[PDB]
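Presented as structure tokens, the chain that follows is alone, the form deposited in one PDB entry.
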């Protein structure tokens, strides 16, 4: 029967096929340092050395994840707003597993839900939704010309969200646009959600890559304080640099202790029916780092150095661009926050840059500024200006 299956990356091969020295791969989705490497964070390495020395068994652990991991992540994300008596926590297989589990959880509570996503959004969001058969709706977000947020459009579309519907919001560092909401915009969003009774699903995958650990969780913390029920899918892949360990977390904020129990039970059940227990290693690294003072101090230091480094890089790009353009048209570059940025260029311009200058971006013109370099910056700027973006 397997022959009845339908035929369920290409750019990479195409990139590999390019013989031209000077190939620039800006389409990468992971952090990269000056020498094109994704290192293991000092604290993470120290945590693994410590773990190998203190673990005396690998027997089955907790179905919903370890309490130390659940608490540490709850505090990292919610800070002082962590109301554990009404918060259910589920350790998942990365942030993607968190989002998946979120969708299943919400669907169990509402077989008739629709999901609102930003235009554009992380493609893996929609593929999972389609695969689940969930109705997907979009809301305006990225303003093509100003390369910022189209907040008026966003307010217009979200206002139509119905009770029980879900609104997927990126907590910070919007993937792929790079354009983000301000605390004032976040507050207005909370008003809309409150009026509509739409459940918010916050995708927090880049806490620490925008303005700082605490600053990047501001919008999330605000939504959590205004709305009684909210779901938050967090990933430790990027900010802890443990992409392959598959460490993530799903948090369900409930109106009371009773609902918290329902949610927690259904969340654990969801894990049990999908793969039983969640992977221990990556989560153990995270809680060790977070609960050990000298380790957290160093993880913060390193993460801040990464963050500051990226800002420095995109400020140079903005400058280089401004000089060659004689205007601050590309100012948005230094204003965007995160690892990615959409240049707002057309598919035509994108391929023209690839074939003529050897710069590889994602079709929608998404570039990973971490993949840049002070030597690469001038070349990229020339390409943009020359191709007439």
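Positions refer to the first chain, counted from 1. In this text, the rigid core denotes the largest set of C-alpha atoms whose superposition between the two forms falls within 1.5 Å.
Enquirer: Given the other compared entries that model the residues flanking it, would you say residue 17 is unmodelled in at least one third?
Expert: Yes, residue 17 lacks coordinates in at least a third of the other compared entries that model both of its neighbours.
Enquirer: Quick check: 161-169 versus 315-323, which has the larger average CA B-factor in the record?
Expert: Comparing averages over the C-alpha atoms only gives 315-323.
Enquirer: Can you tell me whether 210-218 has a higher mean C-alpha B factor than 194-202 in this record, or the other way round?
Expert: Comparing 210-218 with 194-202, the higher mean C-alpha B-factor belongs to 194-202.
Enquirer: Between 188, 104, 112, 229, which one tops the list for C-alpha B-factor in the PDB entry?
Expert: Largest recorded C-alpha B-factor: 112.
Enquirer: Among 144, 266, 234, 305, single out the one with the highest C-alpha B factor in the record, please.
Expert: If I rank 144, 266, 234, 305 by C-alpha B-factor, first place goes to 144.
Enquirer: Lowest, middle or highest third: which one holds residue 149 when the chain's residues are ordered by CA B-factor from the entry?
Expert: CA B-factor rank for residue 149: middle third.
Enquirer: Check where residue 91 lands among this chain's C-alpha B-factors and tell me if it's the lowest, middle or highest third.
Expert: It falls in the bottom third of the chain.
Enquirer: Ranking every modelled residue in this chain by its Cα temperature factor as given in the entry, which third contains residue 245?
Expert: Its C-alpha B-factor belongs to the lowest third of this chain's values.
Enquirer: Lowest, middle or highest third of the chain for the C-alpha temperature factor of residue 43?
Expert: It falls in the bottom third of the chain.
Enquirer: Considering every modelled residue of the chain and its Cα B-factor in the PDB entry, is residue 55 in the lowest, middle or highest third?
Expert: For residue 55, whose C-alpha B-factor we compare with every modelled residue in the chain, the answer is the lowest third.
Here the subject shifts to the form deposited in another entry, a form of this protein not shown in this document.
Enquirer: Which is the one residue in 359, 43, 339, 343 whose C-alpha moves 2 Å or more between this form and the one not shown, relative to the superposed rigid core?
Expert: Everything else stays below 2 Å; the exception is 359.
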